[PDB]
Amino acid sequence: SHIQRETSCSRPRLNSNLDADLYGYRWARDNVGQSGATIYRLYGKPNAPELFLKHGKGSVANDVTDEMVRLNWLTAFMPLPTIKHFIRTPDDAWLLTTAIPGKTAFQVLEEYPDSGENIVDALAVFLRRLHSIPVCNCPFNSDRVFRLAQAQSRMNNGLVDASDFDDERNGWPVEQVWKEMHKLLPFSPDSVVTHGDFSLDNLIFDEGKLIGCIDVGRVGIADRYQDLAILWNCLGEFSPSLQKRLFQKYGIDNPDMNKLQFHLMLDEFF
């Protein structure tokens, strides 16, 4: 007809890679993470901010990819690391973000046992804020039907780490956890925007203030107990008093035991 669908041209200028940026940085390997992704802190470069590089391989590559897009979306609502560079190849994902300065909620809870109540109060406020984001803004789905189908896949592929089961399920086969979990069903969904892994090592305090969260790969719409149960579990390692204070400050007098138990068992599959 008139104009050709495609026009022979020359090679466009490509993007500047990691090599141009990462030069001059000192490296430190993270030992905290247990997800399989390799993680490094980049520091010691004058006039440059500290960074984190998270590298996922195989199935973990998908996990890091999921983290990147949820990081990209949620950043408009909550304080998150800034995406500096992301690369996806068929079996690899590299995520370079800004470091959030300070210590995790877990660290400050150990280093300062007397600041426990204050820490919990901040966590509750942060959580109320996260759960106040209008659901209509969230492009990500993390409801129980979705997570369960996901959990079943991880089970059938022998990926579920039984050594990470809670004390109550020490020695249980993954099949028994799966079976018993369904006996708690059903329950009425209370859908909000959730974090997916609202644990003490994912929340960072700096100078007496919670200034951000990380590890946002499971962000999406789910029951509010998806975040509550996990944080409640983490606090149990410290004190039942703090657990109680979390719910009090969040706005719930008495925890829904069934909803609490379901999400705690669900988390065993991930």
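Quick note: we count residues from 1 along the sequence shown, nothing fancier.
Inset, instruction - Averaging the C-alpha B factors as listed in the entry, name the stretch that ends up higher: 108-116 or 155-163. - result: If you average the C-alpha B-factors of 108-116 and of 155-163, the larger mean comes out for 108-116.
Legend entry - Residue stretch of maximal mean CA temperature factor, 202-210 vs 35-43: Between 202-210 and 35-43, it is 202-210.
Inset, instruction - Tell me which of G196, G171, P186, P90 tops the list for C-alpha B factor in the record. - result: Top of the list by C-alpha B-factor: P186.
Legend entry - Chain-relative CA temperature factor third for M257: As the PDB entry reports it, the C-alpha B-factor of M257 lands in the lowest third of its chain.
Legend entry - CA B-factor placement of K54, once the chain's modelled residues are sorted into thirds: For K54, whose C-alpha B-factor we compare with every modelled residue in the chain, the answer is the lowest third.
Inset, instruction - Please rank the C-alpha B-factors of the chain's modelled residues and tell me whether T82 sits in the lowest, middle or highest third. - result: Within its chain, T82 is a lowest-third residue by C-alpha B-factor, going by the deposited values.
Legend entry - B-factor third for the C-alpha atom of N141 within its chain: Answer is highest: the recorded C-alpha B-factor places it there.
Inset, instruction - Classify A149 as lowest, middle or highest third according to the C-alpha B-factor given in the PDB entry, relative to its own chain. - result: It falls in the top third of the chain.
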